[PDB]
């Protein structure tokens, strides 16, 4: 017998500021590190950038009306720090706050719960210029001041808050892979930045207990649960290594305030462990969240990787390497499609940390065709979303406390580096990589599917 979705289950959809808003230099907004990075020649596909994106800044009333048509219970968005503090620190921009106040009012006039994301990768460029943003302890207090501003303005009306969204991605892409700002490839720097981000998350949760005492807050982690390839002992050991180094390295700090030891000793053997200050442990341990946010797309299977092995497959010599999983389907971009992996991840979080879970992001990106009569038949997206939602209900039945599900994304949006054509939305936006066209919003088949899921609280999938 499956348990129903609970009565206040947050059936949601989500976006990120840079990906949807546009209005990059309007109303006193300052430059973000992504405004500057995306304009560097060659960094983004076809030079696409967030100057306009899908123009949600100007079109938010129409987008919220579509959310109310769907009957969304929640909408998760991020606040652009550069709209609120153009220089990161210094003077507050009231026009920037007023946008978010208007959005929040629009949502709440339509019965939709705002879920505010403090940070989605868009630190103001002035903090990078002054002190290298996330590589300086200065950002702890600067981020805290920005979060407290939002808690004071909006805490009366927003219950659910996410802090750092996918820290593991903005830190590893920014400092290890060099794919995101600041374009660094230096693992020592990455781990230092990562440690400062940890401190900044904990500081803001501490502040939130003061200013929003009836609210709920947590970080959101980009979680790819690890699988061993098989029951070969060395492959299971590779999975122990991978799960700790890729996943526990973040989530243990969020839940328990401590880094896992094996991974710490591995980094210390490489001279990569972060610099720890007095007070750091006590801060990290005293900032327990209300939930773990999870951004989920796929699992990762791993196998043994010898000390001269792989650094197709990626890994850490002597720790693990990735291997294709022969037992799941793949998307056209070679991501696994693994809905049972979402149940697995959910079970692992409850079993390890006993935390409730907000699923902050899950979705399917695909080329969608706009057919005559403004029809998009994205049954491939319905099938993927269906399967995941089915597995969530199984995890709830097992005993996981799932607070809600935010499908990625509400409208189509700009990808960070790959332009617009791999689409994620319930709502098609008429534009492409060459121009904004008319930016018209067109409901996809999946829109109506999810409207029906919500209406029936997930009895009709």
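Positions refer to the first chain, counted from 1.
At least a third of the other compared entries skip residue 312 while keeping the residues on either side. The modelled chain breaks between residue 311 and residue 312, where 10 or more residues of the deposited sequence lack coordinates. Looking at 78 to 86 and 375 to 383 together, the entry lists the larger mean B-factor for 375 to 383, computed on C-alpha atoms. Here 441 to 449 and 11 to 19 are compared by their mean Cα B-factor, and 441 to 449 comes out higher. Out of 336, 164, 340, 222, the entry records its largest CA B-factor for 336. Within the listed group 142, 290, 329, 244, the record reports its top CA B-factor for 329. The entry lists a Cα temperature factor for residue 256 that places it in the lowest third of the chain's modelled residues. Placement of the Cα temperature factor of residue 60 within the chain: middle third of the modelled residues, per the deposited record.
Residue 116 sits in the lowest third of its chain by CA B factor, as recorded in the PDB entry.
Ranked by C-alpha B-factor against the other modelled residues of its chain, residue 408 falls in the lowest third.
Placement of the Cα temperature factor of residue 154 within the chain: middle third of the modelled residues, per the deposited record.
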